[PDB]
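Visitor:
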Amino acid sequence: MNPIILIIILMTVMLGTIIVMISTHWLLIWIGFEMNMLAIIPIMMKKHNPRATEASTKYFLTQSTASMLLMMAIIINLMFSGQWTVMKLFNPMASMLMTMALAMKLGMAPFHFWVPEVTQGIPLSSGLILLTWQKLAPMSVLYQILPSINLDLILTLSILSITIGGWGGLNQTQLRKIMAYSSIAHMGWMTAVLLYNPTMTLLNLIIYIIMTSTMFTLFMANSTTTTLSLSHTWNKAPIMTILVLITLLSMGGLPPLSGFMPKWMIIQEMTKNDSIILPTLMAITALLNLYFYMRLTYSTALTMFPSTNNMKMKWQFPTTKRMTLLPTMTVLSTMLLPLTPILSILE
Amino acid sequence: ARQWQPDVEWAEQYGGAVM
Amino acid sequence: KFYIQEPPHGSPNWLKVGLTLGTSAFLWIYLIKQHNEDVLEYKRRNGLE
Amino acid sequence: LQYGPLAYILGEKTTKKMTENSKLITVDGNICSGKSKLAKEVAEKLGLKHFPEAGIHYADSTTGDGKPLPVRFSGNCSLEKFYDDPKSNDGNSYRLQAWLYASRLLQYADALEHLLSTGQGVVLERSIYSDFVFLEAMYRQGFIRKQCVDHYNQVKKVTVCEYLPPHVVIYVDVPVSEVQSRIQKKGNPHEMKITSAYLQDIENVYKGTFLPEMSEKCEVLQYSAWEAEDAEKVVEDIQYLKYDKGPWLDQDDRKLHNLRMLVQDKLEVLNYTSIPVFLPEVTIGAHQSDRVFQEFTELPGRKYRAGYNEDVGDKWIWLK
Amino acid sequence: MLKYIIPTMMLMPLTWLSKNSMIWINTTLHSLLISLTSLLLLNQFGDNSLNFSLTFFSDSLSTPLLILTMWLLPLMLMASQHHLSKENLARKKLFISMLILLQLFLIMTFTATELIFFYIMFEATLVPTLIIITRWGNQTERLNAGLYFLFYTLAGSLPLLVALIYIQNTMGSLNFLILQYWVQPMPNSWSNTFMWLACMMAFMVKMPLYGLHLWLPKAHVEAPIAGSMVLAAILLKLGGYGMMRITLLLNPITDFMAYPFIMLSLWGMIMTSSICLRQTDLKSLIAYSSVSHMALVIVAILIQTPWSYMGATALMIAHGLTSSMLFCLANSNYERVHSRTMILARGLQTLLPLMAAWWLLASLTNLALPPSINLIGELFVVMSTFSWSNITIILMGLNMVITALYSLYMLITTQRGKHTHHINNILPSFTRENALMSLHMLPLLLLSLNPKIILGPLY
Amino acid sequence: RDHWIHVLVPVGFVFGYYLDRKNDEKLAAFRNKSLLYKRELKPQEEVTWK
Amino acid sequence: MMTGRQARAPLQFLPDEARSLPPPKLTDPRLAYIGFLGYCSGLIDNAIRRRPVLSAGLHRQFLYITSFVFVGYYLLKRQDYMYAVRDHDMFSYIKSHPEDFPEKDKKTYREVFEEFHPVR
Amino acid sequence: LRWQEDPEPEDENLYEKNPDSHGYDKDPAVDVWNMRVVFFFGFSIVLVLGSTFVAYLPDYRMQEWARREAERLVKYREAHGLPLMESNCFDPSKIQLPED
Ligand SMILES: CCCCCCCCCCCCCCCCCC(=O)OC[C@H](COP(=O)([O-])OC[C@H](O)COP(=O)([O-])OC[C@H](COC(=O)CCCCCCCCCCCCCCCCC)OC(=O)CCCCCCCCCCCCCCCCC)OC(=O)CCCCCCCCCCCCCCCCC
Ligand SMILES: CCCCCCCCCCCCCCCCCC(=O)OC[C@H](COP(=O)([O-])OCC[N+](C)(C)C)OC(=O)CCCCCCCCCCCCCCCCC
Ligand SMILES: CCCCCCCCCCCCCCCCCC(=O)OC[C@H](COP(=O)([O-])OCC[N+](C)(C)C)OC(=O)CCCCCCCCCCCCCCCCC
Ligand SMILES: CCCCCCCCCCCCCCCCCC(=O)OC[C@H](COP(=O)(O)OCCN)OC(=O)CCCCCCCCCCCCCCCCC
Ligand SMILES: Nc1ncnc2c1ncn2[C@@H]1O[C@H](COP(=O)(O)O)[C@@H](O)[C@H]1O
């Protein structure tokens, strides 16, 4: 791709997400999602193989269906409210359709069925965009429509996303599908605390984006897309094994790391609202996510799998890859729990 | 008498399509 | 010489070293100026002089 | 780095420096085709840069001090032990062949980097498109296994697709008997153990497999042993080619920019040489891997990144 | 407590800036200086705990656990430096960093004034332990053992997180000093029943409880020597510390909730001790002995009488010293035969007489020979459980038979009999190994002279 | 200094000890105000403890 | 929760009334911890690119420390501001609704009868 | 055949190259100074001065005071005819009971 065209297309992705964030009219919300999808399609087809085209086709079908359900929810809102403010929804049918549409855009279960496919089909940088930046705009709309979100619907989507994203990654040897099922589980964690305290939703979103960006940046630095290729890292770059160790121990929610911070705070805002069964079941289901994180750390950092002879050649070439913000993200995704009361900046 | 490190048989279990 | 090929980081990028030190010293002097302005504004609003 | 997307934005295009003399020319032939001078002669008549044939220590020659490392750090293999015992236990055969394929892949990446950064053509000796002609010649002689051929085909399938063919292939017709006579006049005490059937299979995979599949994607020039002696005839043949085949026609600034971003990142070039296919001739266990890696780190000028090693006399490191 | 946390953190530059041959000597020296400094925590009063700040305090329960914890680090450094001598210098410094970091988490686990900070440090102690076991363990099963160790503790403790946050929302605070005075009696309900279970089962796993103890004959055995020392000597005792803190908030419901678990311990110490009679792995025999000894601490905390808490904390300190020494003795023979089969190397008193005397003293303290603090804790727990019910003495007394039976069988299998013929690499005992045994046993025998410092907050 | 590494951990004690004293003045609200230990101040004395 | 409070003046990181509050000192332990995060980022940046970890790029490590202290100072200011706004809203609401917050009769333990449960 | 693996390294004996080895290190000067550090800061410092410090703790958890104070109080209430201990921990004049 032409780098000027790449810069314009990434600015158009960012522009569509910003247009979702800053607008007060529903047509501009729909326009931001249309612009975002229309611009992210070439980022998925960057390497031009049939897996990228299939992944872009599946992504187009799911996001187009979600955009049509979004516009139907907007039209029913204009029926039963006569106006266009991006605020609460004045019909439970429009509320249900918009919650379904945003669940399809996020990949929350049982609309999760496109996330491990598309993330497998596309490169690691486009999967990074899909799993970090493409979660911003539907969570912004869910932030602004939460006085009309049905409780049982959002909690059903949340626990179903947590359980299905937990049982997804246990069978996975491909790293991009591991990050995809981790995405489904963490989006369930974000939307479960949504109607109780959306500041903890924002905290979970920011910490998840930091940790996912750290893991994809390590995957791009080591050029590994499978577990068994990630296992060659100790013979090539031994510091990167320590980094994936501390980041995957962070993503499982193990204290004293920063990834313990969101879910604990989520429990801290759900036992206030006399929900005790639900954060307990969610926390116990997160042990599945931590189990396949531990599987990856066993394959990469805590043991030494056998490498091949040609690795001796790669000892003679240092990494010329622009590992952008990788020390910054690696520090922020691990050593941020003593700064837990910083979350009030999101209020 | 040294530390056990994983063999080819341990490593091939992580190299299939699924786990 | 030692190397068969001259490395990119064999000599320091003095433009980048100058931008680094200037940016850092500018951030420190702006930080101390902002902190002095904040404690002065606090003591002026709440009357501790 | 130095080259990146920003230099392509700021006007450093590669078709501006691309002239008519910018041709990547591969010279091919048997083990004693005498092509080693011929390639050099082409490099002194077309003004091109000659790369010698990639051996075990090509990567040693390009990195660090440019001097050959010990063989346990680079290669872990021996050409001479392959000449002595081709059917050996430890698997020197495919380990040597895969190391030579990775070294030729590094050489071909260096060739395209020089061609695309300078506009100067490069004369290569036995590039990556003519490495399998030894491989099958090993497998037809029973020196390697079918699994080793499958490993080679996997690594080749995921590495050679990212590149372009050469412009000109120069092949040298030398029969097996003249190859053996030049080996016996060479005096190499290990190379004289090379059999007749192995050289015959090299020639058969040359003429039956290599040259027909390169007849489409590039322009082959084939010569006998005596008409490859006159360099100026081959140079006149190269200068009066009508380059009309291969994917070098549809190469604009964007595609050659992507190719230059590929071939300057050597870990990206050498990414798929070490794919996790646990083949016993190339797989190294963790204790030997750790031991040889920690010994390689102890070598001078090899512990840190290149401009950061105090013991070989790097300065200003506290400001780098 | 900040006069201890900062030197323990300054042990990180002290091990990463050291010369390559000085990284054991410096860490040993300065960790022994911190362990000598640890005695200032003995400023304990008969009424008030030594209350430092809003974040840290130290009563007479946490003080002996702290002194044992800060003492255990130099002993782990002496224990683990031989078999990590061929190790890479960077991984050697990483191992020392994991030990220092585990000590750092432990010393502010025992001094946590507030219970969710106790939870954060209590579960922070998993990660250096998990990395030490699954990285520097010798055999194949260190990975599976680290999995079991991680997922029993987390499955027990993630309900503890919800329970502690519920106490923070209900009572208003999780300060222990506040909850001494704002504790409400917990009535009988199913909600308060699962409140009790969520507050207790994490510590039940960490003690361990019988039936939930399956992580321990894998985690203690597949660990290296420093990992086994810190797992047996300290990391089991986090459970007893946490139960003695958290049963403040669980009255009077504990008076009828403790009935199954007491049975699980009163039968468990009969079973696991009996398992020690048929263990071929010597290190597993010491592991099941650790389960058998911590069953008494579980019983004593669940009957919650003063004699039981005094005996339980004396048994915790005494078992920490004794079990750490027994693992170090098993390591001293593993570094000569390179196997953990107990019947393999025999007759070691014919070859190693002073090391056999250290085995003798560790076996006599294992079987609670008076006047050791092993016997002081054992005896006081038996007194309190005779006051609880007069029939328990049978389950106590038969245990004190079986506890003798494997304690001397371990002495008779390894040290006595005819020596093995074919094993000829039995070196003479190093000065380091006898130093390790003496630094375990001499504090243990000096604490018999003045045992009131290891008898808890209600002496 | 030829042996500058043997003062990391002792000074880390001393500095740490300092911070403990530095925290005591931040918890000095009930100094000479407890119902048990309140008393008139002795001459040339400003605080009962420091 | 407080989204209607910071909606009359949107997109203000630190409002004007935030200046009524005392700023954190430069010797703030939280700010020292963020400077420590900057030092750790500098060491990890030298470790990932195979540099001498303590030696290489003292200018770069110093810009890491400076940038994290600089960002974290304003983050701590906004943090203290938002907790002060939380307490201000709480106290104004308790003052404005006395009927929802009655003064409780604090009884001493001579009248307060607790059931005794003997442990035996 | 299987892969290229280094063989098992044999067990080293420290007493061969260093017959005066204390077992701390293979360099004899480092080994003997490690022995001196372990024995001085382990036995001469922590054990000896630790036993001296625990032996002379200033009335650990105020038990001695509690004897002496009891020796005061008994001496008050033997002579004044009072009983030695009341069964009421607190004064019944300052306890209200729930009426029934
Ligand atoms: C605060 C100041 C305190 C000062 C006084 C210190 C009081 C004693 C503390 C603990 C002493 C342990 C050290 C000796 C045993 C370990 C080493 C060893 O075996 O060396 C053999 C070696 C002589 O034998 P060898 O022929 O050269 O080699 C051995 C052979 O290979 C073959 O070996 P073997 O089997 O033929 O010979 C071993 C033999 C084997 O004999 C036995 O195993 C039988 C012992 C048990 C049954 C008899 C005793 C039952 C209980 C009654 C006694 C306690 C109550 C008495 C009070 C009145 C009634 C209430 O044991 C003995 O000879 C030891 C006699 C004393 C035994 C004390 C009880 C230990 C039993 C286990 C625990 C029992 C409950 C706790 C009791 C705590 C008492 C303090 O001794 C030495 O080289 C001694 C070196 C210097 C030791 C210093 C100890 C104190 C260090 C503390 C430093 C900091 C404080 C400063 C004070 C320093 C004072 C000098
Ligand atoms: C290591 C493996 C074993 C681990 C065992 C862990 C403990 C076992 C019991 C845990 C129950 C779940 C946590 C309860 C927290 C109670 C806090 C509280 O306020 O309770 C009162 C509250 C009461 O609600 P409330 O307090 O808001 O009510 C107000 C008060 N009344 C009642 C008067 C109206 O209890 C609950 O809401 C539900 C309690 C039971 C929860 C059942 C779901 C979980 C099922 C058990 C899971 C056990 C671990 C699973 C993993 C096993 C291994 C894979
Ligand atoms: C503590 C919890 C963590 C555990 C690990 C600790 C690691 C750190 C270790 C630091 C150093 C050790 C600390 C504990 C020290 C305990 C010892 C101590 O201080 O004791 C104080 C006790 C104090 O006794 P006391 O209770 O009478 O105190 C008197 C109080 N003063 C002194 C102020 C008047 O010291 C003694 O008893 C000394 C008496 C003289 C010496 C001993 C004589 C008898 C000993 C046996 C002799 C032989 C008898 C016959 C045997 C025949 C053969 C069988
Ligand atoms: C309430 C919340 C409101 C919103 C808050 C802010 C949200 C931030 C969301 C971050 C999303 C990041 C998405 C990815 C970066 C975008 C640019 C991009 O595409 O970078 C990848 C790029 C592609 O290079 P390419 O040539 O394709 O490489 C292929 C390999 N040859 O280059 C590479 O591949 C280079 C390799 C390194 C790239 C690292 C990029 C890290 C970016 C994320 C930083 C962390 C997020 C910011 C801080 C936290 C904020 C929450
Ligand atoms: N499988 C192989 N068998 C023999 N020679 C090989 C093989 N692979 C590469 N070569 C190289 O080909 C060279 C023969 O060409 P020449 O340079 O003319 O001697 C040898 O010296 C080897 O370096």
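Residue numbers (the authors' numbering), protein chains in the order written: chain N, 1 to 347; chain 4, 1 to 19; chain x, 1 to 49; chain k, 1 to 320; chain M, 1 to 459; chain y, 8 to 57; chain o, 1 to 120; chain w, 24 to 123. In this text, a Cβ means the ideal position worked out from N, Cα and C, and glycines have one as well.
1) Buried or exposed: where does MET76 (chain M) fall if 16 or more other Cβ atoms within 10 Å of its Cβ makes it buried?
2) Could you list which residues in chain M have their beta carbon closer than 9 Å to that of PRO256 (chain N), in chain order?
3) If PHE105 (chain M) sits next to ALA124 (chain M), beta carbons under 8 Å apart, how far is it from one beta carbon to the other, in whole angstroms?
4) Please identify, using Cβ separations under 9 Å, the residues of the stretch 23-37 of chain o that lie next to chain x, in order along the chain.
5) Rounded C-beta distance between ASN309 (chain N) and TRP318 (chain k)? I'm assuming under 8 Å.
6) Which value, in whole angstroms, describes the spacing of the CA atoms of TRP315 (chain N) and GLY75 (chain k)?
7) Once the 5 residues before and after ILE266 (chain N) are set aside, which same chain residues still bring their CB inside 6 Å of it?
8) Quick one: is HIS30 (chain M) buried, meaning 16 or more other Cβ sit within 10 Å of its Cβ, or exposed?
9) What do you reckon, are the CB atoms on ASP290 (chain k) and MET261 (chain N) nearer than 8 Å?
10) Using a Cβ-Cβ distance under 8 Å, would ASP65 (chain k) count as near chain x?
11) If you reduce the DSSP assignment to three classes, tell me which class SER58 (chain M) lands in.
12) Determine the burial state of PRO260 (chain M): buried for a count of at least 16 other Cβ atoms within 10 Å of its Cβ, exposed for fewer.
13) To the nearest angstrom, how far is it from the Cα of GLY165 (chain N) to the Cα of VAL115 (chain N)?
14) Residues of chain 4 with CB under 9 Å from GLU31 (chain w), in chain order?
15) Would you mind telling me which residues of chain M sit closer than 8 Å to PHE76 (chain w), beta carbon to beta carbon, in chain order?
16) Mapping the DSSP letters down to three states, classify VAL220 (chain k) as helix, strand or coil.
17) Please name the residue or residues paired with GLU125 (chain k) in a DSSP beta bridge.
18) Any heavy atom of ligand 2 inside 7 Å of the beta-carbon of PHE194 (chain M)?
19) Under three-state DSSP, which class holds residue 135 (chain o)?
20) For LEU143 (chain M), which residues from the same chain have a beta carbon less than 8 Å from its beta carbon, with the 5 sequence-adjacent residues on both sides left out?
21) How long is the line joining the alpha carbons of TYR308 (chain k) and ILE4 (chain x), rounded to whole angstroms?
22) Alpha carbon to alpha carbon, what distance is there between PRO98 (chain o) and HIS117 (chain o)?
23) Just tell me which of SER97 (chain M), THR153 (chain M), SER372 (chain M), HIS422 (chain M) has its CA closest to the CA of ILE317 (chain M).
24) If we call anything under 8 Å between Cβ atoms a contact, is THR69 (chain M) one with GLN44 (chain M)?
25) Mapping the DSSP letters down to three states, classify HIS45 (chain w) as helix, strand or coil.
26) Please confirm whether any heavy atom of ligand 3 lies closer than 7 Å to the CB of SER62 (chain M).
27) Using a Cβ cut-off of 8 Å, which residues of the stretch 79-104 of chain M contact any Cβ in chain 4, in chain order?
28) For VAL158 (chain k), is the classification buried or exposed, using 16 other Cβ atoms within 10 angstroms of its Cβ as the cut-off for buried?
29) Please list the residues of the stretch 99-121 of chain w that have a C-beta atom closer than 9 Å to any C-beta atom in chain o, keeping them in chain order.
30) For the beta strand (DSSP E) containing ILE170 (chain k), name the first residue and the last one.
Guide: Quick look at the numbers:
1) It counts as buried.
2) What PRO256 (chain N) touches in chain M: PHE105, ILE120, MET121, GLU123, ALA124, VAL127.
3) Your pair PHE105 (chain M) and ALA124 (chain M) checks out as a contact, with CB atoms roughly 5 Å apart and the cut at 8 Å.
4) So the close ones are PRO23, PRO24, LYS25, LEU26.
5) Actually they do not touch by this definition, with Cβ atoms about 37 Å apart.
6) Approximately 12 Å, taken between the alpha carbons.
7) Cβ neighbours of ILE266 (chain N) beyond the five flanking positions: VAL193, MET200.
8) Under a 10 Å Cβ-count criterion, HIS30 (chain M) is classified as buried, with 16 or more other Cβ atoms of the shown protein chains found around its own Cβ.
9) No, they are not a contact pair.
10) Interface annotation, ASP65 (chain k): in contact with chain x, CB-CB separation under 8 Å.
11) It is a strand residue.
12) If you draw a 10 Å sphere on the C-beta of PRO260 (chain M), you find fewer than 16 other C-beta atoms in it, and that means exposed.
13) Their Cα atoms are separated by approximately 10 Å.
14) When 9 Å is used as the limit between beta carbons, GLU31 (chain w) is near these residues of chain 4: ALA1, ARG2, in chain order.
15) Against chain M, the beta carbon of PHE76 (chain w) has neighbours under 8 Å at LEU39, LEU42, listed in chain order.
16) In this structure, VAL220 (chain k) counts as strand in the three-state DSSP scheme.
17) Looking at the DSSP assignment, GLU125 (chain k) forms a beta bridge with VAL27 (chain k).
18) True, at least one ligand heavy atom lies under 7 Å from that Cβ.
19) Given a span of 1 to 120 for chain o in the structure shown, any question on residue 135 (chain o) remains unanswerable.
20) Annotation for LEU143 (chain M): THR134 place their beta carbon closer than 8 Å to its own, counting only its chain and skipping 5 residues before and after.
21) In a straight line, the C-alpha of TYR308 (chain k) is about 15 Å away from that of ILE4 (chain x).
22) Going by the C-alpha atoms only, they are around 38 Å apart.
23) Across the set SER97 (chain M), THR153 (chain M), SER372 (chain M), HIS422 (chain M), the C-alpha of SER372 (chain M) shows the shortest separation from the C-alpha of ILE317 (chain M).
24) In terms of Cβ geometry, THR69 (chain M) and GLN44 (chain M) do not form a close pair [threshold 8 Å].
25) If DSSP states are grouped into helix, strand and coil, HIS45 (chain w) belongs with coil.
26) No - ligand 3 has no heavy atom lying nearer than 7 Å to the Cβ of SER62 (chain M).
27) Answer in chain order: no residues at all.
28) Result: exposed.
29) Taking a C-beta cut-off of 9 Å against chain o, the contacting residues of the stretch 99-121 of chain w are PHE113, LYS117, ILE118, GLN119, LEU120, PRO121, listed in chain order.
30) Its beta strand (DSSP E) spans residues 168-173.
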